[PDB]
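Below: one structure, written as structure tokens.
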Amino acid sequence: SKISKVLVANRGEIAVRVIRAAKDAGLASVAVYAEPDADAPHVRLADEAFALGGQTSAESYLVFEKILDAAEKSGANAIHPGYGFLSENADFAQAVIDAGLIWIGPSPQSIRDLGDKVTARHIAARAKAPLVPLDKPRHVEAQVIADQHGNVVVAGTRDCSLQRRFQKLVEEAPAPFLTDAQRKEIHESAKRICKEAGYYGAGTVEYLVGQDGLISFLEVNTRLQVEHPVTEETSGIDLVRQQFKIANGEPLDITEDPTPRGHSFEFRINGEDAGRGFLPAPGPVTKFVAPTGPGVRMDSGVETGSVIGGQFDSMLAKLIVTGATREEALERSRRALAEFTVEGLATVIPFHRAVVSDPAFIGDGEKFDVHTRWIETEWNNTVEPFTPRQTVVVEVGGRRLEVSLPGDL
Amino acid sequence: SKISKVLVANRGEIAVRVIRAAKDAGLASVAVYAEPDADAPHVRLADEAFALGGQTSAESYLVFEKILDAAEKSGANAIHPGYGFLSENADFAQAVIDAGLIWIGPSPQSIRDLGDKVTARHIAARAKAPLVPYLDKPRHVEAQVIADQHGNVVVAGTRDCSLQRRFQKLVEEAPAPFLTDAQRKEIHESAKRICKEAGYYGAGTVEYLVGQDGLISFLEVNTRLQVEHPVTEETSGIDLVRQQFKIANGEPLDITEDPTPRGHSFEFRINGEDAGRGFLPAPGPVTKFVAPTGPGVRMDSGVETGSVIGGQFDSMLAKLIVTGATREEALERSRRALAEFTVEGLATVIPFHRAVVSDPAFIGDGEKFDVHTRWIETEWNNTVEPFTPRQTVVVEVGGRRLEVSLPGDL
Numbered sequence: 007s008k009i010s011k012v013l014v015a016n017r018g019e020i021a022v023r024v025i026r027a028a029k030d031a032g033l034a035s036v037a038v039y040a041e042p043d044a045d046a047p048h049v050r051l052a053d054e055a056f057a058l059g060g061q062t063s064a065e066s067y068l069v070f071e072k073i074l075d076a077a078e079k080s081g082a083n084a085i086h087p088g089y090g091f092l093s094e095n096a097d098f099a100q101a102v103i104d105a106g107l108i109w110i111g112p113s114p115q116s117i118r119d120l121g122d123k124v125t126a127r128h129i130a131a132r133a134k135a136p137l138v139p210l211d212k213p214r215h216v217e218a219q220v221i222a223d224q225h226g227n228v229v230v231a232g233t234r235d236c237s238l239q240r241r242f243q244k245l246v247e248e249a250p251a252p253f254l255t256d257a258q259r260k261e262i263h264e265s266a267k268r269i270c271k272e273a274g275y276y277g278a279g280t281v282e283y284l285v286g287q288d289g290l291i292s293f294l295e296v297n298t299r300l301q302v303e304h305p306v307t308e309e310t311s312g313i314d315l316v317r318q319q320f321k322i323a324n325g326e327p328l329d330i331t332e333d334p335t336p337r338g339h340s341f342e343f344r345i346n347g348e349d350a351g352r353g354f355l356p357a358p359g360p361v362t363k364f365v366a367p368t369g370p371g372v373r374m375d376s377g378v379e380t381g382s383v384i385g386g387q388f389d390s391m392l393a394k395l396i397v398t399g400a401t402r403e404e405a406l407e408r409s410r411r412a413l414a415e416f417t418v419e420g421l422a423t424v425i426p427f428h429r430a431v432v433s434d435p436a437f438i439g440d441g442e443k444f445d446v447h448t449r450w451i452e453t454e455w456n457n458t459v460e461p462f463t475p476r477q478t479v480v481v482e483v484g485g486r487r488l489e490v491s492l493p494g495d496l
Numbered sequence: 007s008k009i010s011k012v013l014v015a016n017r018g019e020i021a022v023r024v025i026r027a028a029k030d031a032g033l034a035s036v037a038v039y040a041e042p043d044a045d046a047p048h049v050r051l052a053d054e055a056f057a058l059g060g061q062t063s064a065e066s067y068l069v070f071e072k073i074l075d076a077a078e079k080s081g082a083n084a085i086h087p088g089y090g091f092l093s094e095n096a097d098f099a100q101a102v103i104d105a106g107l108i109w110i111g112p113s114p115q116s117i118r119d120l121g122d123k124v125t126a127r128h129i130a131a132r133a134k135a136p137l138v139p209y210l211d212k213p214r215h216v217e218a219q220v221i222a223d224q225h226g227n228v229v230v231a232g233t234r235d236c237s238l239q240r241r242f243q244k245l246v247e248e249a250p251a252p253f254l255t256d257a258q259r260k261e262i263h264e265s266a267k268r269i270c271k272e273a274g275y276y277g278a279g280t281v282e283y284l285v286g287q288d289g290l291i292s293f294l295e296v297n298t299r300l301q302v303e304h305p306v307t308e309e310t311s312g313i314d315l316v317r318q319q320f321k322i323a324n325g326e327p328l329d330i331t332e333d334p335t336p337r338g339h340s341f342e343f344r345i346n347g348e349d350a351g352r353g354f355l356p357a358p359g360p361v362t363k364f365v366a367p368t369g370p371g372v373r374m375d376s377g378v379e380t381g382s383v384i385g386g387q388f389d390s391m392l393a394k395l396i397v398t399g400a401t402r403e404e405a406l407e408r409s410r411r412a413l414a415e416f417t418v419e420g421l422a423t424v425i426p427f428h429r430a431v432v433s434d435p436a437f438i439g440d441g442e443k444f445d446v447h448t449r450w451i452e453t454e455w456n457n458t459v460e461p462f463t475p476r477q478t479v480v481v482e483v484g485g486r487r488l489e490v491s492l493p494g495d496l
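If you read the sequences in order, they're chains A and B. Going letter by letter, the first sequence gives residues 7 to 139, 210 to 463, 475 to 496 in UniProt numbering. Going letter by letter, the second sequence gives residues 7 to 139, 209 to 463, 475 to 496 in UniProt numbering.
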């Protein structure tokens, strides 16, 4: 059951990520696409790709028989679901398993037992999780790695407290401001919870930290979270490669929780307008200019001339920025967002520029005020909404200036 | 006396690197550009830009008069020289100091004392450097020093640059692999002792040959923050150009001691040269340029789509930097990145890199590898097939002459 050819059934940036991971593993990367995505970067990047009919996710990507028939015609050995449509579906996982493809992910039994929140409540209880008995709670997340043998590591704790509509938008690692006692509790509790569940693979435990630092267990995601990069860049673990090992069932070579070497931020570059209440704004990508440079990583499902219809989730790309300290990572994030430009779409880039500037998010350096309601409730939203010249370059005494004047003088 | 505004006195990727370092530090950046570079990324990316009006390095960036004049006209408090041009010109360094601008680099006396091979040959003996009294198949291994004006010295890391042409680094990696810890310890302590006896401050690289059967010899210190620095900067986790800003400020070293390197990194220089033609350079249009992206991959490009390359300047267009938890992983990830990276319209060494990261001599057996400073030109099986106006209008304003170079036709 040693992975060889992987059908990555997901669209977008996570498809690109798993294709790249498979290449790094030397595995053969197969992809699949909906009618709108027939030219998307993941489709062109894969070693081969297969077409599926229809336009909605329900036609294109959710149909078990489609994805399994594509794996059959590919002769794919493995399936990977990404972080999207299939990934939480235990019934699909079962169907893949009994089709006999190596399912890169947790047992359907585990996905069910952790999804059934009554059952998951009893799991947490048996695990002796810090269950709840909050105001302005904070969101913190143990990235658990667990093997089929029951070795468990906490690769690092993220913070994901910048949310609107319970969607994350900005994510942080290691979790900025926790007492050592809190971090120890979080780690050990996570290990206990996933062992009590017998979970294996990559995963995440979402915890919610109240004001004054009470911890409530929230949930286990049972999937690779979109948030994965900030714990990759802070720990050094290649989580998807580890996930391939675990699917192989090789022991976890990581014996102990890696000390995080620095600080990292992630920004979800969604196609929605903070001035328009973060409503999607589907349309053309007239230009796309990633901020490739020092301390910056980019992941994207979108490229120059891409067309972004409404059929799928709005998140185009993830910008990941890393430094030796939170201060330095902030400065680098400011520069990276200042240089990153996207044209023709409304994007959350102005909001990210704002919040990375906002004192409320900078904080005192000993504590900060961001809470999961903050973007909804207390951020002074001043991002004004979204939507020829002739441009000439004039040198005045040798000083370079750009001038834009009416295209009709 | 602190830095506040920096003239980034160079062309290309190092210009962009130091502009970005400035943007991070919150320092205003003034670029200068020769006429060929009027649309380069650095000129469109800096906060301010001044034309030098020269066609060639001899006509332009090397002219002290012009670049000091630009410094005046922009009011830069400080000047940062890139990894070429005047960066090791002590007379220029002196001129900048006499201008009173913060020269972001070593003292002119140090640049002299270590540029003169005789003086350096005295200095290294007085430092008691490890020395061999020539080698057949030497490796090139170099220690990145950091030093403040106070005398704290840190070895940021040891870097292997043995994939060289006779005169040109092509692929670089850190930490220097396949060394005994005894050898490292010796190259670390020797790099400090040389740096302290030089009285050096700023960023610097100390270069050694490591021979077959492990004989170590010092070669030279290059008193510049070398083009190969990013691999060290990410493996050590030190923003070396920032630290260079700090030391130009004269702060004590923040880093108190040599950090333990974490993982492994490679840096591939995308020279605009035909490996299949004998590494001959050529001019031409970069008609397309799509960088690799995603995990463990970084690109520092001085060149952009629709950029055109004239032969009067450094053939180095961009450099690709790839990092991993271990050398094997980093090699794998580089074999991906060099495959994803595509450029078209210009001869580039990308195929040679793609080959060498696939060639066993550089992959090594696990504790040794066969690459040596001659190996590329002497033993690599070269598989690769060859690739195939301004209207300067004078205005008088209250009697001040003011040339305005407009775009010509309009």
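Beta carbons are placed, not taken as given, at the ideal position from N, Cα and C, and that holds for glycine.
Simplified DSSP state of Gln477/B, which is helix, strand or coil = DSSP, reduced to helix, strand and coil, places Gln477/B within a strand of the structure shown.
ask   = Helix, strand or coil for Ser311/B per DSSP?
value = Note: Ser311/B maps to helix in three-state DSSP.
key: chain B contacts from the stretch 371 to 391 of chain A (Cβ-Cβ distance under 8 Å)   = Within the stretch 371 to 391 of chain A, the qualifying residues are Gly371, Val372, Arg373, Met374, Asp375, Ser376.
key: Where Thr280/A falls, given that 16 or more other Cβ within 10 Å makes a residue buried   = By the C-beta density criterion, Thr280/A is buried, having at least 16 other C-beta atoms within 10 angstroms.
ask   = Residues of chain A with CB under 7 Å from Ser66/B, in chain order?
value = None at all; the shortest Cβ gap to chain A is about 12 Å.
ask   = What are the boundary residues of the beta strand (DSSP E) that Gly279/B is part of?
value = In this chain, the beta strand (DSSP E) harbouring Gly279/B covers 277 to 285.
Residue from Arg26/A, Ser116/A, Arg299/A with nearest C-alpha to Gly88/A = Ranking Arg26/A, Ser116/A, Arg299/A by Cα distance to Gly88/A puts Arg299/A first.
query = Which one of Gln477/B, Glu19/B, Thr448/B has the shortest CA to CA distance from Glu303/B?
reply = That would be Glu19/B, whose Cα lies nearest to the Cα of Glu303/B.
request  = Tell me where the alpha helix (DSSP H) around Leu413/A begins and ends.
outcome  = That run of the alpha helix (DSSP H) goes 402 to 415.
message = 8 Å is my cut-off, CB to CB: does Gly312/A come that close to chain B?
response = With 8 Å as the cut-off, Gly312/A counts as an interface residue toward chain B.
key: C-beta atoms of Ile108/A and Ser7/A nearer than 8 Å   = At the C-beta level, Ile108/A and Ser7/A come within 8 Å of one another.
task = Flag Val220/B as yes when its Cβ comes closer than 7 Å to any non-hydrogen atom of the ligand ATP, and as no otherwise.
result = With respect to small molecules bound, the structure shown includes none, and the ligand ATP cannot be examined in it.
query = Do we get a CB-CB distance below 8 Å when we pair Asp30/A with the residues of chain B?
reply = Chain B has a Cβ within less than 8 Å of the Cβ of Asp30/A.
message = Tell me the DSSP secondary structure of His128/B in three-state form.
response = Here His128/B sits in helix by DSSP.
inquiry  = Output needed for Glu489/B: all residues of its chain with C-beta closer than 6 Å, excluding positions within five of it in sequence on either side, in chain order.
reply    = Cβ contact annotation for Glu489/B (same chain, cutoff 6 Å, sequence separation greater than five): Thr478, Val480, in chain order.
ask   = In chain order, which beta strand (DSSP E) runs of at least 3 residues are fully inside the stretch 30 to 67 of chain B?
value = Here the runs fully enclosed are 34 to 39, 54 to 57.
task = With 9 Å as the C-beta to C-beta threshold (strictly closer), list the residues of the stretch 336 to 366 of chain B near chain A in chain order.
result = Result list: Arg337, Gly338, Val365, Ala366.
task = Apply the 10 Å Cβ neighbour rule to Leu421/B and answer buried if 16 or more other Cβ atoms are within range, or exposed otherwise.
result = That one is buried.
inquiry  = Spatial neighbours of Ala76/B within its chain, please: C-beta separation below 6 Å, excluding the five flanking residues on both sides.
reply    = Here the set comprises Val38, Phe56.
key: Close-in-space but distant-in-sequence residues of the same chain around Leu51/A (CB under 7 Å, 5 per side omitted)   = Cβ neighbours of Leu51/A beyond the five flanking positions: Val22, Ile25.
query = So which residues on chain B does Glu303/A lean against when the C-beta distance must stay under 9 Å?
reply = By Cβ distance, chain B contributes nothing, its closest Cβ being about 14 Å from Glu303/A, past 9 Å.
request  = Starting from the Cα of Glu460/A, find the closest Cα among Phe427/A, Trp450/A, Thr448/A and give me that residue.
outcome  = Cα-wise, what sits closest to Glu460/A is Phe427/A.
key: Residues that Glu326/A contacts on chain B, provided the C-beta gap is smaller than 8 Å   = Listed along chain B, no residue sits closer than 8 Å to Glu326/A by beta-carbon distance, the nearest being about 15 Å off.
query = Around the C-beta of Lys260/A, are 16 or more other C-beta atoms found within 10 angstroms, so that it is buried, or is it exposed?
reply = So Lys260/A ends up on the exposed side.
inquiry  = Between which residues of its own chain and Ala366/B is the CB-CB distance below 7 Å, once the five residues before and five after are set aside?
reply    = Excluding residues within five positions, the ones whose Cβ falls inside 7 Å are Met374, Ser376, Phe416.
query = CA-CA distance, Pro136/A and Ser265/A?
reply = Spanning the alpha carbons of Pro136/A and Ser265/A requires a straight line of approximately 7 Å.
task = Using three-state DSSP, classify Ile262/B as helix, strand or coil.
result = Note: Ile262/B maps to helix in three-state DSSP.
ask   = Using 8 Å as the limit for Cβ to Cβ distance, is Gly88/B near chain A?
value = Taking Cβ atoms only, chain A never reaches closer than 8 Å to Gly88/B, which makes this a no.
ask   = By DSSP, does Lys134/B sit in helix, in strand, or in coil?
value = In the structure shown, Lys134/B adopts coil according to DSSP, grouped into three states.
query = Between the beta-carbon of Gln387/A and the beta-carbon of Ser63/A, is there less than 8 Å?
reply = Cβ distance < 8 Å, so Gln387/A and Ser63/A count as in contact.
message = Considering Cα atoms alone, identify which of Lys267/B, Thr423/B, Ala133/B, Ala249/B is closest to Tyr276/B.
response = Taking only the C-alpha atoms, the option nearest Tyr276/B is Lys267/B.
request  = Please report the residue range of the alpha helix (DSSP H) in which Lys79/A lies.
outcome  = Its alpha helix (DSSP H) spans residues 70 to 80.
message = Less than 8 Å between CB atoms is the rule here; does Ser35/B satisfy it with respect to chain A?
response = No, its Cβ sits nowhere closer than 8 Å to a Cβ of chain A.
task = Kindly indicate which three-state DSSP category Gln239/B falls into: helix, strand or coil?
result = Looking at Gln239/B - three-state DSSP - the assignment turns out to be strand.
task = Identify the contact partners of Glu407/A in chain B, using a Cβ-Cβ distance below 8 Å as the criterion.
result = Those within 8 Å of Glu407/A in chain B are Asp30, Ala31, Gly32.
ask   = Between the stretch 333 to 349 of chain A and the stretch 227 to 238 of chain A, do three or more beta carbon pairs fall short of 8 Å?
value = The stretch 227 to 238 of chain A and the stretch 333 to 349 of chain A touch, with three or more beta-carbon pairs separated by less than 8 Å.
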